[PDB]
Amino acid sequence: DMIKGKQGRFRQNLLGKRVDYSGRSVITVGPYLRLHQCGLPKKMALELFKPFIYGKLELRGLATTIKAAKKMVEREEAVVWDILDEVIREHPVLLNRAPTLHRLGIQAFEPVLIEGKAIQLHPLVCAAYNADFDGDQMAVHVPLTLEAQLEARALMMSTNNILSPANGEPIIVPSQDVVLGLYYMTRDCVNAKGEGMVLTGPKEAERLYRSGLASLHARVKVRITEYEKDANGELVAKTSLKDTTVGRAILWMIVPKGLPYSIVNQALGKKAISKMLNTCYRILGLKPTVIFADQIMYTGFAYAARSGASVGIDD
Amino acid sequence: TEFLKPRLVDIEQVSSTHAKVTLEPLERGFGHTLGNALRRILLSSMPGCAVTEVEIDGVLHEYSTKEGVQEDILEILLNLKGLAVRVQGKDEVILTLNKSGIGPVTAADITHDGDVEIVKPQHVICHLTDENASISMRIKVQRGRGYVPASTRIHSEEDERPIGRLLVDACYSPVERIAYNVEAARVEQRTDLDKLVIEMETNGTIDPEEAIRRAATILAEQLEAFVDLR
Amino acid sequence: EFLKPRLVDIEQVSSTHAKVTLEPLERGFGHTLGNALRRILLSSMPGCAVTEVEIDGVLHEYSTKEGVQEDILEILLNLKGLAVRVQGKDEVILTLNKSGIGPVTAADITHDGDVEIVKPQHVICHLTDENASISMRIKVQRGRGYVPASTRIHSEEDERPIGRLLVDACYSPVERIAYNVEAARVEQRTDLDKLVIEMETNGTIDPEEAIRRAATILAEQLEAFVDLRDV
Amino acid sequence: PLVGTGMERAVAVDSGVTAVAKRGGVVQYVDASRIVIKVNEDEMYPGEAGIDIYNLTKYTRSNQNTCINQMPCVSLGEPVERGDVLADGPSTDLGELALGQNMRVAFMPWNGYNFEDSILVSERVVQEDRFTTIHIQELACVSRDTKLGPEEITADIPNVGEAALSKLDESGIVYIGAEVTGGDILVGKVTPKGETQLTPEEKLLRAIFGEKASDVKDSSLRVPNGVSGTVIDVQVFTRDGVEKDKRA
Amino acid sequence: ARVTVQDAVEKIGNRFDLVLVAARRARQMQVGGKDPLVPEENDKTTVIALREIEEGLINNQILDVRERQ
Amino acid sequence: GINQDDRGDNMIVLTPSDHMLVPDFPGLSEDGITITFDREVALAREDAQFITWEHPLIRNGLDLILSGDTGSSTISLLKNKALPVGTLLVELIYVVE
Amino acid sequence: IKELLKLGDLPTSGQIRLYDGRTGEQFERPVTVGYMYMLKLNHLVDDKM
RNA sequence: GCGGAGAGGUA
Ligand SMILES: Nc1ccn([C@@H]2O[C@H](COP(=O)(O)CP(=O)(O)OP(=O)(O)O)[C@@H](O)[C@H]2O)c(=O)n1
Ligand SMILES: [Mg+2]
């Protein structure tokens, strides 16, 4: 019985161990994060990285011996927090969510020290984790050796895993608030403020919208310069007058060079945004796709909040 | 009582017209109040000069066509919208453009007047084709605050004007784009403090730093009347 | 050649509720100033509030006195709401002493010169016994913002007397702020606006001083902006 | 609840958390521990009636470590009838079920801080102190009788600094109302040592110094790591043949 | 922080021995036998070694030649 | 084989260990002793042993080692590219008495 | 519910126009506000962390 | 005071 069976052995103690330098806590939104990072509470970070703290403290000479380093960590003076910030700089941590169904259940992130007792998880990756902010918890492990650090940052980092290993399609597609905001932004209306005025570019579109001289969605003629890598990797600017909404122009600000304008020109729902990300990946590559996804998240969240979408009984 | 004043005003000026500005030390919540006050004042209320109205010697309405310009009229209006001009003494001045021959008629080709300086001489205006290449126009520039679209003036156009009076959007404010992000920043013990990153694009004339300068100056000038605790 | 806004009439409807007007506001600056002031007022107005309390016969917040019906914890909850105005000192020790049957209200506090008890009707306790007597010493400090007990616990600094009862400090007098920018027909101008700031406070900070200090803080930060090193 | 179903009073009354009058009368004495009522002559027993006294229960530990505290509703001189609610139990008001609290919500996405089922909350909520709960942990130190000798509860604990004893009384128990933190000594206990076999010079040194061969080891209970609160109550249970301590 | 290693994997297409060469380099850097060939911007030695790999200065063969030298 | 717990405030607590090297140490006890090397701490903490070169603990350990024969003979290898293979270096510690 | 809202002198549709506390600008399309009875469940992060 | 049962709960 000790050997056989789930609770006994091989399953329990030889494929299912219980690592050190690990923690657990409740997950939270943290929209401001970069795709490759995660909000980590100070106190857990100190607890996890304790031996790193001692090593760095001794290197800097702040502590004569290891016991003095321990006492300095247990008082938690400003120097300790400074050393923790310095050591945390490039050190990546592993984030895991209880049912690790597929390999995207474990991903590496760069932590950013924050107050509170909850772990902050980047929104875009929730779909990969199947994470929901209704009391879901996550575990956080620390890779120790140099090879482990390199492996976590290279193989497991969120930005390196944008395509699902099952099928080629993207995993990090915007989920609900982002897509709602973008949808609100791109949809047009027959008549509003600033119908049919001609704008020299998206920047004055934003000038108009944020100053309240034009509606966030209103049909308008704008001059836009799209870039196309038609040659052997060179970008050629084509600049013409398109008939679009203010919102579509506002969104166009983020979009990297290589992509056709058409991409944003439509209603921009869930599918449209997903295929937008798809084309951005296929044409440009990884890094532009990552930054573009982050930009999409930020703009979607912002303009969803500006929209003020609610649900009344009469809706 | 004793507040926390910002230090370390770093400015990453990539592409001279585009400036990122960071202010890491502050007090909780002042990030959005200060960022937004600055943003709105910069964007909506900034004294500047811009083209307002135009009379074309050849065309009576904005949808008609001139022979030998491939660009439509709307493109010429849009090109005229981008002109960033600074006049020193005079309040309202009327520049003339007259060009012939092949090529791109650019802002430099305008007649060089005394008080008025065009900050971007290479801004394209029109493209003239061969053997006819006749372009002549008179553009009137005025001083004002902020951005004024055509639609709000044309609304109050009961004072009937002769045909050809083509209104143009007035781009007074020198700022083309302005945005601010607020993010967490901690002074070694206090974490509920924030950093303000202000991304600003100006229209050549003044560099962003000085734009911010006169924005804060203007806002302080309005506030001066109440502030007396010193 | 510009305008600039001057502070005009400040109507006081009640001791807590106040309306402040600003007449000559340029177009567009109505909302800017309205919101800036709202933010500064709600966030940064310095006020005084009780930080800790010592009552005689009670070891800790959770015990109970003979002859009172509120729990001690509820007494702290009542004290948190006490609206007081301190003028000169930073920490004052108020003394409440009452005996006999009756409601111990805020008015019964020992009357000191520098401290003003804004709402003397504010109830604290109810005695229910002829020989039941309550004595307490309430320590009131000046501060800004919101500081809970549990954060200051790191800096205990000899909290050793178990009779000490720490209270969360809400160092903020302002409860509510609204503003309206409305057309200010000035006899020689077309489109000017007047800002009306309607504010509800616990009745410690006066409107004029609140608005002045807020404008001060905003002007100071703008001062920080005027200079730009570029070094 | 601002929006209830009417069943709140049924639930609150039928649960034992409220204090409910058995014989109606008039409230004679009100305290935050007991409500004393003078019975009405109708319900008053002819022979050996007297008055009714209801002792309330103040902060005690529930199974889930929450607080169970009753507050009085009524005031001096108010008449009460059989089956009215004198005192409110935990999370009940004036007889009604108040499971939580009712706050002003707005349905909107606010810069994805309420992205998923997550909730955004205003600092006014913590300021108004409306979601602060009291919890209550119980800790037990047991002194048994070993065959090497019974353990002791004394405050004399080997090789502890006087800092740790400062908050302990002479009997070795924390003062009621003292604020403790993780690692602080919750109560003092000593583990007996046997077969010490000290050298004769060491035995002479022990007599002058006062060093105890019997102790040299500490079984004192300590507050668990990372939990910090105020000691509100202490209880002591002795068996037959055990002297009562001061706390007792 | 170095958010993408895409150029380093474009240098060595296996994407696995990349990790090995970067680990060897960063281990020669941490235990201070060697010195970084790139100006550090307060990065730790892992991201330093990746930054060096993406700039083409270090690979396995350069490691072997320098070690035998 | 004496465990040295560093309490932190210039005070070391010495306790023996399961792997100590001698049957009994003259001064040591299993309950341990606290020491300080700073004369001022010793003047403030009379419960600690003031350790100097002349303190019995050190003189005791010295006699214990220099009378015993542990540490008198060992071998060691050297990996140095800048020397010939199989070379012989011999450390010899004579004692004049 | 509509009647009860009317008796209080509140919008009958149960939605109100709201101003963004950070920016001061109005939200398009008024939003539902009102009092709801909410509960704090026994799952407290400090116990979980 | 390492363990294992039983009960309940979380995602
Ligand atoms: N017995 C159980 C019940 C639940 N779970 C876990 O709870 C989640 C269910 O999500 P779900 O899809 O069922 C609900 P959600 O993701 O929030 O979307 P929706 O509410 O809009 O429908 C999964 O991560 C499961 O692993 C489990 O492991 N065993
Ligand atoms: Mg969930």
# chains A, B, ... in the order shown; residues from 1 in each chain; ligands from 1
>>> interface_residues(of="chain A", to="chain F", cutoff="10 Å", atoms="only C-alpha atoms", output="number ranges by chain")
A: 64-72
>>> select_by_dssp(residues="chain E", states="helix (DSSP H, G or I)", output="number ranges by chain")
E: 6-11, 17-30, 45-54, 60-68
>>> write_last_selection(atoms="N, CA, C and O atoms", output="compact mmCIF listing (two decimals), in the first residue's frame")
# COMPACT_ATOMS: atom_id res chain seq x y z
N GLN E 6 14.27 36.13 -28.77
CA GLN E 6 14.03 35.62 -30.12
C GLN E 6 15.29 35.70 -30.98
O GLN E 6 15.57 34.79 -31.77
N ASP E 7 16.08 36.76 -30.84
CA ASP E 7 17.30 36.88 -31.64
C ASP E 7 18.36 35.87 -31.21
O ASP E 7 19.11 35.36 -32.06
N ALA E 8 18.41 35.54 -29.92
CA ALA E 8 19.38 34.55 -29.47
C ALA E 8 19.05 33.18 -30.03
O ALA E 8 19.95 32.43 -30.43
N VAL E 9 17.76 32.82 -30.06
CA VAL E 9 17.38 31.57 -30.69
C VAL E 9 17.58 31.62 -32.20
O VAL E 9 17.86 30.60 -32.83
N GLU E 10 17.45 32.80 -32.82
CA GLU E 10 17.79 32.88 -34.24
C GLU E 10 19.29 32.69 -34.47
O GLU E 10 19.68 32.30 -35.57
N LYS E 11 20.12 32.95 -33.46
CA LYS E 11 21.55 32.66 -33.61
C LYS E 11 21.82 31.16 -33.61
O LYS E 11 22.54 30.66 -34.48
N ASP E 17 20.33 24.18 -26.64
CA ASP E 17 21.72 24.41 -26.30
C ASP E 17 22.06 25.89 -26.18
O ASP E 17 23.10 26.23 -25.61
N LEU E 18 21.20 26.77 -26.71
CA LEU E 18 21.26 28.18 -26.33
C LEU E 18 21.32 28.32 -24.82
O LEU E 18 22.15 29.07 -24.28
N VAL E 19 20.45 27.60 -24.12
CA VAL E 19 20.39 27.69 -22.67
C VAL E 19 21.70 27.20 -22.07
O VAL E 19 22.20 27.76 -21.10
N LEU E 20 22.29 26.17 -22.67
CA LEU E 20 23.52 25.60 -22.13
C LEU E 20 24.68 26.57 -22.30
O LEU E 20 25.43 26.81 -21.35
N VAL E 21 24.86 27.13 -23.50
CA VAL E 21 25.97 28.05 -23.71
C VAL E 21 25.78 29.30 -22.85
O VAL E 21 26.74 29.82 -22.27
N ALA E 22 24.54 29.79 -22.75
CA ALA E 22 24.31 30.96 -21.91
C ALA E 22 24.56 30.64 -20.45
O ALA E 22 25.07 31.50 -19.71
N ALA E 23 24.25 29.42 -20.01
CA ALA E 23 24.52 29.05 -18.63
C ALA E 23 26.01 28.95 -18.36
O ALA E 23 26.49 29.42 -17.32
N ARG E 24 26.76 28.33 -19.27
CA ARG E 24 28.21 28.28 -19.11
C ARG E 24 28.79 29.68 -19.03
O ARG E 24 29.63 29.97 -18.17
N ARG E 25 28.37 30.58 -19.93
CA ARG E 25 28.92 31.93 -19.92
C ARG E 25 28.56 32.64 -18.62
O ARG E 25 29.41 33.27 -17.98
N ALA E 26 27.30 32.55 -18.20
CA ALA E 26 26.87 33.27 -17.01
C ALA E 26 27.48 32.68 -15.75
O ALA E 26 27.63 33.38 -14.75
N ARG E 27 27.87 31.40 -15.79
CA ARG E 27 28.57 30.80 -14.67
C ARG E 27 30.03 31.20 -14.65
O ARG E 27 30.60 31.39 -13.57
N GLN E 28 30.66 31.36 -15.82
CA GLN E 28 31.99 31.97 -15.84
C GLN E 28 31.95 33.41 -15.38
O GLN E 28 32.95 33.93 -14.86
N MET E 29 30.81 34.08 -15.54
CA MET E 29 30.71 35.47 -15.13
C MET E 29 30.44 35.61 -13.64
O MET E 29 31.05 36.46 -12.98
N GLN E 30 29.55 34.79 -13.08
CA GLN E 30 29.20 34.96 -11.67
C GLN E 30 30.39 34.66 -10.77
O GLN E 30 30.88 35.54 -10.06
N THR E 45 23.56 38.54 -13.97
CA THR E 45 24.48 37.91 -14.90
C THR E 45 23.78 37.04 -15.93
O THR E 45 24.31 36.86 -17.04
N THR E 46 22.58 36.54 -15.64
CA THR E 46 21.83 35.80 -16.64
C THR E 46 21.48 36.69 -17.83
O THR E 46 21.83 36.40 -18.98
N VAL E 47 20.80 37.81 -17.56
CA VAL E 47 20.38 38.67 -18.65
C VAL E 47 21.59 39.28 -19.33
O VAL E 47 21.55 39.59 -20.52
N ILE E 48 22.70 39.43 -18.60
CA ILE E 48 23.93 39.91 -19.22
C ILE E 48 24.42 38.91 -20.26
O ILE E 48 24.79 39.27 -21.38
N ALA E 49 24.43 37.62 -19.89
CA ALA E 49 24.89 36.62 -20.84
C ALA E 49 23.97 36.53 -22.05
O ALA E 49 24.45 36.40 -23.18
N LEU E 50 22.66 36.65 -21.85
CA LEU E 50 21.76 36.66 -23.01
C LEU E 50 22.00 37.89 -23.89
O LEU E 50 22.02 37.78 -25.13
N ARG E 51 22.19 39.05 -23.27
CA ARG E 51 22.48 40.27 -24.02
C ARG E 51 23.77 40.12 -24.82
O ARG E 51 23.90 40.65 -25.92
N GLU E 52 24.74 39.39 -24.26
CA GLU E 52 25.98 39.16 -24.99
C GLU E 52 25.76 38.19 -26.14
O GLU E 52 26.35 38.34 -27.21
N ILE E 53 24.90 37.19 -25.94
CA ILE E 53 24.68 36.21 -27.00
C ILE E 53 23.99 36.88 -28.17
O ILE E 53 24.35 36.65 -29.33
N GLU E 54 22.99 37.72 -27.89
CA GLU E 54 22.23 38.33 -28.97
C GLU E 54 23.07 39.29 -29.79
O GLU E 54 22.71 39.59 -30.94
N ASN E 60 29.28 28.76 -28.57
CA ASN E 60 30.00 27.61 -28.04
C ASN E 60 31.44 27.58 -28.56
O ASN E 60 32.37 27.26 -27.81
N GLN E 61 31.64 27.90 -29.84
CA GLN E 61 32.98 27.81 -30.41
C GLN E 61 33.90 28.86 -29.81
O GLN E 61 35.08 28.59 -29.57
N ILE E 62 33.39 30.06 -29.56
CA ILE E 62 34.21 31.09 -28.93
C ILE E 62 34.57 30.65 -27.52
O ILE E 62 35.70 30.86 -27.06
N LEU E 63 33.64 30.00 -26.83
CA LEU E 63 33.94 29.45 -25.52
C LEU E 63 35.06 28.43 -25.60
O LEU E 63 35.99 28.45 -24.79
N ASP E 64 35.00 27.53 -26.58
CA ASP E 64 36.01 26.48 -26.67
C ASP E 64 37.38 27.06 -27.01
O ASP E 64 38.40 26.67 -26.40
N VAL E 65 37.44 28.00 -27.95
CA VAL E 65 38.73 28.57 -28.32
C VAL E 65 39.31 29.35 -27.14
O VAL E 65 40.50 29.22 -26.82
N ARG E 66 38.49 30.18 -26.49
CA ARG E 66 39.00 30.94 -25.35
C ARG E 66 39.41 30.03 -24.20
O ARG E 66 40.40 30.32 -23.52
N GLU E 67 38.71 28.92 -23.97
CA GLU E 67 39.08 28.06 -22.85
C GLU E 67 40.42 27.40 -23.13
O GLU E 67 41.29 27.35 -22.26
N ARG E 68 40.61 26.86 -24.35
CA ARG E 68 41.89 26.22 -24.63
C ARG E 68 43.02 27.24 -24.68
O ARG E 68 44.14 26.94 -24.24
>>> interface_residues(of="chain G", to="chain C", cutoff="9 Å", atoms="only C-alpha atoms", output="PyMOL selection string")
chain G and resi 21-25
>>> residues_near_ligand(ligand="ligand 2", cutoff="7 Å", atoms="only C-alpha atoms (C1' of nucleotides) and all ligand atoms", output="list in words")
residues 131, 132, 133, 134, 135 and 136 of chain A; 11 of chain H
>>> write_last_selection(atoms="N, CA, C and O atoms (P, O5', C5', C4', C3', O3' and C1' of nucleotides)", output="PDB file, in the first residue's frame")
ATOM      1  N   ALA A 131      -7.389  31.106 -15.595  1.00  0.00           N
ATOM      2  CA  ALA A 131      -7.490  31.775 -14.310  1.00  0.00           C
ATOM      3  C   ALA A 131      -8.657  32.746 -14.325  1.00  0.00           C
ATOM      4  O   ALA A 131      -8.922  33.410 -15.330  1.00  0.00           O
ATOM      5  N   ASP A 132      -9.346  32.824 -13.197  1.00  0.00           N
ATOM      6  CA  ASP A 132     -10.430  33.766 -12.983  1.00  0.00           C
ATOM      7  C   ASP A 132     -10.217  34.436 -11.633  1.00  0.00           C
ATOM      8  O   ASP A 132      -9.756  33.800 -10.685  1.00  0.00           O
ATOM      9  N   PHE A 133     -10.520  35.724 -11.535  1.00  0.00           N
ATOM     10  CA  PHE A 133     -10.318  36.414 -10.264  1.00  0.00           C
ATOM     11  C   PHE A 133     -11.589  36.349  -9.418  1.00  0.00           C
ATOM     12  O   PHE A 133     -12.309  37.327  -9.218  1.00  0.00           O
ATOM     13  N   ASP A 134     -11.850  35.143  -8.912  1.00  0.00           N
ATOM     14  CA  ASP A 134     -12.947  34.880  -7.986  1.00  0.00           C
ATOM     15  C   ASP A 134     -12.458  33.956  -6.888  1.00  0.00           C
ATOM     16  O   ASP A 134     -13.154  33.018  -6.486  1.00  0.00           O
ATOM     17  N   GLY A 135     -11.264  34.211  -6.376  1.00  0.00           N
ATOM     18  CA  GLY A 135     -10.693  33.344  -5.377  1.00  0.00           C
ATOM     19  C   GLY A 135      -9.771  32.261  -5.890  1.00  0.00           C
ATOM     20  O   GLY A 135      -9.370  31.400  -5.100  1.00  0.00           O
ATOM     21  N   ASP A 136      -9.431  32.254  -7.181  1.00  0.00           N
ATOM     22  CA  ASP A 136      -8.441  31.294  -7.648  1.00  0.00           C
ATOM     23  C   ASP A 136      -7.104  31.628  -7.009  1.00  0.00           C
ATOM     24  O   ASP A 136      -6.786  32.797  -6.781  1.00  0.00           O
TER      25      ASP A 136
ATOM     26  P     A H  11     -14.988  28.947  -5.103  1.00  0.00           P
ATOM     27  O5'   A H  11     -13.975  28.802  -6.318  1.00  0.00           O
ATOM     28  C5'   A H  11     -12.751  29.514  -6.315  1.00  0.00           C
ATOM     29  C4'   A H  11     -11.740  28.866  -7.223  1.00  0.00           C
ATOM     30  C3'   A H  11     -12.281  28.245  -8.496  1.00  0.00           C
ATOM     31  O3'   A H  11     -12.558  29.207  -9.498  1.00  0.00           O
ATOM     32  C1'   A H  11     -10.690  26.800  -7.509  1.00  0.00           C
TER      33        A H  11
END
>>> select_by_dssp(residues="stretch 46-114 of chain D", states="strand (DSSP E or B)", output="ChimeraX atom specification")
/D:52-55,60-61,66-68,71-72,79-80,85-88,92-93,96-97,101-106
>>> residues_around(residues="residue C:114", least_positions_apart="5", cutoff="9 Å", atoms="only C-alpha atoms (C1' of nucleotides)", output="compact mmCIF listing (two decimals) with C-alpha atoms, in the first residue's frame")
# COMPACT_ATOMS: atom_id res chain seq x y z
CA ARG C 85 -10.81 71.48 15.82
CA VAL C 86 -7.33 71.86 17.30
CA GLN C 87 -5.63 75.24 16.85
CA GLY C 88 -2.13 75.35 18.34
CA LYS C 89 -0.79 72.03 19.59
CA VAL C 92 -4.08 67.32 23.03
>>> residues_near_ligand(ligand="ligand 1", cutoff="12 Å", atoms="only C-alpha atoms (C1' of nucleotides) and all ligand atoms", output="PyMOL selection string")
(chain A and resi 96-102+105+126-138+175-176) or (chain D and resi 116-118) or (chain H and resi 10-11)
>>> write_last_selection(atoms="C-alpha atoms (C1' of nucleotides)", output="PDB file, in the first residue's frame")
ATOM      1  CA  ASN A  96       1.460  27.942 -11.492  1.00  0.00           C
ATOM      2  CA  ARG A  97      -2.303  27.538 -11.174  1.00  0.00           C
ATOM      3  CA  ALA A  98      -3.688  24.523  -9.326  1.00  0.00           C
ATOM      4  CA  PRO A  99      -4.929  22.437 -12.334  1.00  0.00           C
ATOM      5  CA  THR A 100      -1.888  22.542 -14.609  1.00  0.00           C
ATOM      6  CA  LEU A 101      -3.748  21.080 -17.574  1.00  0.00           C
ATOM      7  CA  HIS A 102      -1.171  21.894 -20.275  1.00  0.00           C
ATOM      8  CA  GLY A 105      -0.088  26.135 -16.601  1.00  0.00           C
ATOM      9  CA  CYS A 126      -5.359  34.281 -17.719  1.00  0.00           C
ATOM     10  CA  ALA A 127      -6.751  32.441 -20.740  1.00  0.00           C
ATOM     11  CA  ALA A 128      -3.657  30.234 -20.767  1.00  0.00           C
ATOM     12  CA  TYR A 129      -3.989  29.539 -17.039  1.00  0.00           C
ATOM     13  CA  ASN A 130      -7.787  29.315 -17.180  1.00  0.00           C
ATOM     14  CA  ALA A 131      -7.490  31.775 -14.310  1.00  0.00           C
ATOM     15  CA  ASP A 132     -10.430  33.766 -12.983  1.00  0.00           C
ATOM     16  CA  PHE A 133     -10.318  36.414 -10.264  1.00  0.00           C
ATOM     17  CA  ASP A 134     -12.947  34.880  -7.986  1.00  0.00           C
ATOM     18  CA  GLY A 135     -10.693  33.344  -5.377  1.00  0.00           C
ATOM     19  CA  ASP A 136      -8.441  31.294  -7.648  1.00  0.00           C
ATOM     20  CA  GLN A 137      -5.025  30.822  -6.092  1.00  0.00           C
ATOM     21  CA  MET A 138      -1.594  30.383  -7.610  1.00  0.00           C
ATOM     22  CA  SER A 175     -10.636  38.073 -23.233  1.00  0.00           C
ATOM     23  CA  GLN A 176     -13.530  40.268 -22.137  1.00  0.00           C
TER      24      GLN A 176
ATOM     25  CA  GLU D 116     -12.678  39.201 -14.150  1.00  0.00           C
ATOM     26  CA  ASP D 117     -15.059  38.473 -11.255  1.00  0.00           C
ATOM     27  CA  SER D 118     -12.706  40.659  -9.200  1.00  0.00           C
TER      28      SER D 118
ATOM     29  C1'   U H  10     -12.124  26.490  -1.992  1.00  0.00           C
ATOM     30  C1'   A H  11     -10.690  26.800  -7.509  1.00  0.00           C
TER      31        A H  11
END
>>> interface_residues(of="chain A", to="chain C", cutoff="12 Å", atoms="only C-alpha atoms", output="number ranges by chain")
A: 75-77, 211-213
>>> write_last_selection(atoms="C-alpha atoms", output="compact mmCIF listing (two decimals), in the first residue's frame")
# COMPACT_ATOMS: atom_id res chain seq x y z
CA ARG A 75 13.92 43.29 11.50
CA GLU A 76 13.25 44.17 7.82
CA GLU A 77 15.12 47.47 7.56
CA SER A 211 -11.12 67.33 -25.53
CA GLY A 212 -14.75 66.43 -26.15
CA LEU A 213 -14.84 68.01 -29.61
>>> interface_residues(of="chain A", to="chain B", cutoff="12 Å", atoms="only C-alpha atoms", output="count of residues only")
60
>>> residues_around(residues="residue C:129", least_positions_apart="5", cutoff="12 Å", atoms="only C-alpha atoms (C1' of nucleotides)", output="JSON, numbers by chain")
{"C": [65, 66, 67, 68, 69, 98, 99, 100, 101, 102, 103, 134], "D": [28, 29, 30, 31, 76]}
